[PDB]
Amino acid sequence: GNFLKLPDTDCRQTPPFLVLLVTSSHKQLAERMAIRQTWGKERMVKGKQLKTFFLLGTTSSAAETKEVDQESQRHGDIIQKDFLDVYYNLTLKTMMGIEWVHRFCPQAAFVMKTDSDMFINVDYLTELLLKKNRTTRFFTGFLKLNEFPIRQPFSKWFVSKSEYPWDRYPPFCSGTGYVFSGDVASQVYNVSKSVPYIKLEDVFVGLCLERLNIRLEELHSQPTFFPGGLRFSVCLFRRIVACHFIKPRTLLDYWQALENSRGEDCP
């Protein structure tokens, strides 16, 4: 599948319950280390297996290439293919992770694609997934159902009429963090080449899901995904799945907070 790097893992021997696919660029070593020491730490969660992998492309920098090679050797949790790792190549990065699930971890019950600047409560997520009784063609996160392409020309998410010619986008979930049943990876990979390309990964995936007639669903009666970020509180963070706008130092402090208060009860 042209994977310069493959994780040292065997999903047939121990099928994971939840696989985390984390996007980060080569220089963001601090982010990856904070995740590996916090919510990305592999463990049983209510007896369910959690695995964490980092999606990376390639870089022109010889120094960064070397560092990432050493990191892969030392940690074995990097999935890599030869594509220029840049913001407007995030669609390739996403499709690489989905390809990895399809070819090497079709046993995964659930897969979460997430950003590096995020806080994820796998405990609460696992609890909600076990409660949802939705194991096939399932896809959730922060639902974006009536979106219009951004035509403001210097905007990060700007798309020309040539890049996306229609007035509205299909349903999709924030690329900050979305979750799906493992089977969906195979279906998306399968239809990927037939769907109109878009440089925005979450929209691209939304196009594929629409082609597949897979409808987006809310994970819970209450909001659990926060692309806009949140005011921090131990009690609030115990009852959410994902929060954006979290830098590495902050992530470590939040993880420590939750550890320090483990054992107290909340309203």
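We number the residues from 1 along the sequence you see.
**Request:** Would you mind comparing 248-256 and 11-19 for me and telling me which has the higher average C-alpha temperature factor in the entry?
**Result:** On average, C-alpha B-factors are higher across 11-19.
**Item:** Entry-level comparison of average CA B-factors, 36-44 and 236-244, reporting the higher stretch
**Value:** Taking the mean C-alpha B-factor of 36-44 and of 236-244, the larger value falls to 36-44.
**Message:** Among the choices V191, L130, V122, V179, identify the one whose CA B-factor in the record is greatest.
**Reply:** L130 has the highest C-alpha B-factor of those listed.
**Message:** I'd like to know which of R211, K51, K66, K199 has the highest C-alpha temperature factor in the PDB entry.
**Reply:** Each of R211, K51, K66, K199 was compared by C-alpha B-factor; the highest is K66.
**Third assignment of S72 from its chain's C-alpha B-factors** = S72: CA B-factor falls in the highest third of its chain.
**Asked** Comparing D82 with the other modelled residues of its chain, is its CA B-factor in the lowest, middle or highest third?
**Response** Within its chain, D82 is a highest-third residue by C-alpha B-factor, going by the deposited values.
**Message:** Per the entry's values, where does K144 land by CA temperature factor relative to the rest of its chain, in the lowest, middle or highest third?
**Reply:** For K144, the deposited C-alpha B-factor lands in the middle third.
**Message:** Going by the CA temperature factor in the PDB record, which third of the chain does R151 belong to: lowest, middle or highest?
**Reply:** For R151, the deposited C-alpha B-factor lands in the lowest third.
**Prompt:** When the modelled residues of the chain are sorted by Cα temperature factor, does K161 land in the lowest, middle or highest third?
**Reply:** Answer is middle: the recorded C-alpha B-factor places it there.
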